[PDB]
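So you know, we letter chains A, B, ... as the sequences are listed, proteins then strands, and number each from 1.
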2 protein chains.
Amino acid sequence: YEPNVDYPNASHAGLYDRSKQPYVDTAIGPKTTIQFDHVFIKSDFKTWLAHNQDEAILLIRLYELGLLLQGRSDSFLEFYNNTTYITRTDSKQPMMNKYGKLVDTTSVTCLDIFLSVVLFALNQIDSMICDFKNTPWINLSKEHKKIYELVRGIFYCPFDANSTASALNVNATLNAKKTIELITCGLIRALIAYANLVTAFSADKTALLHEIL
Amino acid sequence: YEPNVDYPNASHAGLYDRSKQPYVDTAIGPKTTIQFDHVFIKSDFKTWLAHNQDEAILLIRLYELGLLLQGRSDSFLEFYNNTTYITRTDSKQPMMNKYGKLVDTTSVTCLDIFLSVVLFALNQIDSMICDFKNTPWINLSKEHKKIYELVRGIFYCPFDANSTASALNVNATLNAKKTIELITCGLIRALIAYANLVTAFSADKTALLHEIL
Ligand SMILES: [Ca+2]
Ligand SMILES: [Ca+2]
């Protein structure tokens, strides 16, 4: 028995509400709901995207990578269209635009496709790192060389300059390993984000199952 | 148009089937399905548990940790009951027993509870590692000291022995950092497992939504 939970708008007009953005939790529209068969629920998945915009854009970047790895040529090549500006703005402008459209996407069908492509990219990257690290001598399969360079892209000895030649040979592996440490840190952050986001989506679907009955 | 996909048992009697365990894919029972409101689907989630038993037991261990961190005292303290043997067997025997019961669990309601507790444990561990690493000097919050020791548990200088005293002071941090590297590797593996498992569960729920209509 918790009237403050049944009546959240009335609760927000009290003296003991500590919410950071009162009343946002009852705003209803495409940006805060999902639907299956045009039955709507207020979506934990949409709330996550709003609370965690920074990580959501990291996952959108993975979607773009997934598209290229699935040969979705047109989707990939048009992914930065319709940005309007002829000048620089946010460094992540095309990703920010897609984030807005993802927030606007209500159908479970379309959101299933999004998470499926992101997970495909995450598994591809994990498989490439396992291959990198399975022997101290670095040897990658053909497909994993491609994944290595794709992730790397979509994301001197002043005392005796002649000695830099030897330094470069020694350092080639340090640079590759540094790339993999960076990719590994990005993957852990993307995985913790994905785990939480898809659990929120899973809980939203239970809510839909309850309501569709 | 793919008759071999509509008629998988007939396909398994052909000359071009490469499946590793033909006919397993049409076995129907509690161990291969889930249900909502007693509407059943053949479950990707159950197939994952069967293909990935090793990782499933890692996630079950996280459930047990989650229980202790949520104060579920009775569930925790009884979690190794009913093992029958008075001798040693599989090193993971109580976890193996629980794995069998998880595979036997059909209701979406109960499986939601499982994943929710596991995710709680994963987030707790990630938060503890972020705290460990946020300064080179190691300082953990009170709650994170507890999480550090819980995860660590649930999972000499022969030339001049006197010098070991100094060695131990130097090595205390190396041991703690080694623990965190080990925990970090376990977390990445648990996260990649969880990502795939809960996506399979999410896809199963879409299948249920389609069928419940
Ligand atoms: Ca290799
Ligand atoms: Ca700290």
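Going from atom CZ of B/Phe132 over to atom CG of B/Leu140 covers 6.5 Å, rounded to the nearest 0.5 Å. To the nearest 0.5 angstrom, B/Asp37 atom CG is 9.5 Å from A/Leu209 atom CG. To the nearest 0.5 Å, atoms CG (B/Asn134) and CG (B/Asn139) are separated by 8.0 Å. Rounded to the nearest 0.5 Å, atoms CG (A/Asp17) and NE2 (A/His12) are 5.5 Å apart. Between the CG atom of B/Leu197 and the CG atom of B/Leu111 there is a distance of 9.0 Å, given to the nearest 0.5 Å. The NZ atom of B/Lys178 sits 13.0 Å away from atom OG1 of B/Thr173, with the distance rounded to the nearest 0.5 Å.
Between the side chain of A/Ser127 and the backbone N or O of A/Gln124, no donor-acceptor pair lies under 3.5 Å. Side-chain atoms of A/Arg61 do not come within 3.5 Å of backbone N or O of A/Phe155 as any donor-acceptor pair. In this structure, the side chain of B/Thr105 engages the main chain of B/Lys101 through a donor-acceptor pair within 3.5 Å. At distances below 3.5 Å, at least one donor-acceptor pair connects side-chain atoms of B/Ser11 with backbone N or O atoms of B/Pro8. Between the A/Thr47 side chain and the A/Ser43 main chain, a donor and an acceptor come within less than 3.5 Å of each other. Side chain of B/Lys42 to main chain of B/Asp25: a donor-acceptor pair is present (N/O by atom type, distance under 3.5 Å, no hydrogens or angles). In this structure a side-chain-to-backbone donor-acceptor pair under 3.5 Å is present from A/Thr32 to A/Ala27. Between the side chain of A/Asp204 and the main chain of A/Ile41, no donor-acceptor pair closer than 3.5 Å is present.
Between A/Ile125 and A/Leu62, the closest heavy-atom pair is CD1-CD2, 3.8 Å. A/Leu59 and A/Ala190 get closest at one heavy-atom pair: CD2-O, 3.8 Å. Residue B/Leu49 comes nearest to B/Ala56 through the heavy atom pair CD2-CB, 3.7 Å, listed as atom of the first residue, atom of the second, then distance. Across every non-hydrogen atom of B/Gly100 and B/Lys31, the tightest pair is O-NZ, 4.3 Å. The two residues B/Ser141 and B/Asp131 come nearest to each other via the heavy atoms N-OD2, 3.0 Å. Considering all non-hydrogen atoms of both residues, A/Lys46 and A/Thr33 come closest at NZ-O, 2.8 Å.
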A/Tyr194 vs A/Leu122, test: side chain to side chain contact (heavy atoms under 4.5 Å, CB included). Steps then yes/no. CA-CA 9 Å; A/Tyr194 185 89; A/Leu122 292 165; 3.8 Å; yes

Evaluate the criterion salt bridge (charged side-chain N to carboxylate O under 4.0 Å, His left out) for residue pair A/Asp54 and A/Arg189; output intermediate values, then yes/no. CA-CA 11 Å; A/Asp54 284 355; A/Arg189 193 73 28 240; over 6 Å; no

Would you please test B/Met95 and B/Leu58 for side chain to side chain contact (heavy atoms under 4.5 Å, CB included) and show each step? CA-CA 9 Å; B/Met95 239 55 55; B/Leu58 169 59; over 6 Å; no

Take B/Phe201 and B/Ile34 through the side chain to side chain contact (heavy atoms under 4.5 Å, CB included) test and state the conclusion after the steps. CA-CA 9 Å; B/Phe201 191 48; B/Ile34 63 176; 3.9 Å; yes

Go through B/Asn196 and A/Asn123 one step at a time and tell me if the side chain to side chain donor-acceptor pair (under 3.5 Å) criterion holds. CA-CA 9 Å; B/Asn196 281 270; A/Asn123 291 339; 2.9 Å; yes

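Counting heavy atoms from C-beta on, the side chains of A/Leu77 and A/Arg72 never come closer than 4.5 Å. Using a 4.5 Å cut-off on side-chain heavy atoms (C-beta onward), B/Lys177 and B/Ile180 make no contact. Annotation: side chain of B/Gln93 is in contact with side chain of B/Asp90 (closest heavy-atom distance under 4.5 Å). Looking only at side-chain heavy atoms (C-beta outward), B/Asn9 and B/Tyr23 come within less than 4.5 Å of each other. Side-chain contact between A/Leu187 and A/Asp126 is present, with heavy atoms from C-beta onward closer than 4.5 Å. Using a 4.5 Å heavy-atom cutoff, the side chains of B/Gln70 and B/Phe120 are in contact. A 4.5 Å side-chain heavy-atom check between B/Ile188 and A/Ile129 finds every atom pair outside the cut-off. Residues B/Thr179 and B/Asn175 are not in side-chain contact: their nearest non-hydrogen atoms beyond the backbone lie 4.5 Å or more apart.
Residues A/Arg152 and A/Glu149 are paired through a salt bridge, judged by an N-O separation under 4.0 Å between the basic side chain and the carboxylate. Classification of A/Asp112 and A/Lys205 as a salt-bridged pair holds, one side-chain N sitting under 4.0 Å from a carboxylate O.
Taking the centre and axis of the six-membered ring of B/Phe79, the NZ or CZ atom of B/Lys98 falls inside the cone set by 45° and 6.0 Å.
With hydrogens and angles left out, the side-chain atoms of B/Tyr80 and B/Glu64 include a donor and acceptor closer than 3.5 Å.
Relative orientation of the B/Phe36 and A/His210 rings is perpendicular, given thresholds of 30° and 60° on the angle between their planes.
The residue from B/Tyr99, B/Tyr63, B/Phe45 that alone fulfils the ring pair (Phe, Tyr, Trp, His ring centres under 6.0 Å) condition with B/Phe114 is B/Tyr63.
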